[PDB]
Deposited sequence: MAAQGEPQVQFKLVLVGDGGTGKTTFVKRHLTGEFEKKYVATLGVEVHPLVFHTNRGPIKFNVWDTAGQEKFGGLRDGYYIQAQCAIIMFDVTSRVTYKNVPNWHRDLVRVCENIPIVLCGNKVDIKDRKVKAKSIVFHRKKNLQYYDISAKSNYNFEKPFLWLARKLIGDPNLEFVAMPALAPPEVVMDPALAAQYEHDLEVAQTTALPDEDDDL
């Protein structure tokens, strides 16, 4: 029960950061450009069983485009990503969409406006209308604040399974289990960890 999801959009819009947040829960602060593409299995637990996404995180910078529209072959769903603080990334959404539906002619697609956590938003909400005539689902998202970060996958799972009432449910929590040769090893890592400051100390949590 696995589906291939292609993730397309301009370089720097946060496609890789969004996947990393779902994979490990980490927020990667640095921009290391994706080269060609990175495939990652992502599993969610639903009331209809586990759902597996094979996420094809493609590259947005043309210099690193790799196979480009070759990554889309046989895709069953897709996310198109832009950045609401960069109007050019929204201007290019019709280009990514065109290249996408030329290969995948009938798949559910989610359009995502990322980085709504930034206060100086440039692509205002009333200006985002491209999804209407193309029957895409749209979400304001932010990988940094997690605002709506689960919605693109919930909506795609509902469309791929055909159950509008599918829901994410809590995975079962097994009981966790209960040497001196590593007492000095763990203490070494423990004190360098204490002296490394936690990131984002001004956040609410």
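>> Lining up the deposited sequence with the coordinates, I want the ranges that have no C-alpha atoms.
In response: Those stretches are 1 to 8, 187 to 189, listed in order.
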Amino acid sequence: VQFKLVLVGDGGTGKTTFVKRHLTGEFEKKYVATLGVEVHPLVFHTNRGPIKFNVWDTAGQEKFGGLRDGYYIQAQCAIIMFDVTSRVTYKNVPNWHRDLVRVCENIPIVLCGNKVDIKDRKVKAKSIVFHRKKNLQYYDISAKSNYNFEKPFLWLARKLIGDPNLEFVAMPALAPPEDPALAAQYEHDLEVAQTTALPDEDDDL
From here on, numbers count along this sequence of modelled residues.
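>> Tell me which stretch has the larger mean Cα B-factor in this entry, 5 to 13 or 181 to 189.
In response: Mean CA B-factor is higher for 181 to 189.
> Per the entry, where is the mean C-alpha temperature factor higher: 135 to 143 or 66 to 74?
Replying inline: Looking at the record's C-alpha B-factors, the answer is 66 to 74.
>> Split into thirds by Cα B-factor across the chain's modelled residues, where does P152 land: lowest, middle or highest?
In response: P152: CA B-factor falls in the lowest third of its chain.
>> Sorting by Cα B-factor within the chain, modelled residues only, which third would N106 end up in: lowest, middle or highest?
In response: Highest third.
>> Based on the deposited C-alpha B factors for this chain, I'd like to know if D83 is in the lowest, middle or highest third.
In response: CA B-factor rank for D83: lowest third.
>> Where does the C-alpha B-factor of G162 rank in its chain, lowest, middle or highest third?
In response: As the PDB entry reports it, the C-alpha B-factor of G162 lands in the lowest third of its chain.
> Looking at the C-alpha B-factor of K124, is it in the lowest, middle or highest third of its chain?
Replying inline: CA B-factor rank for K124: middle third.
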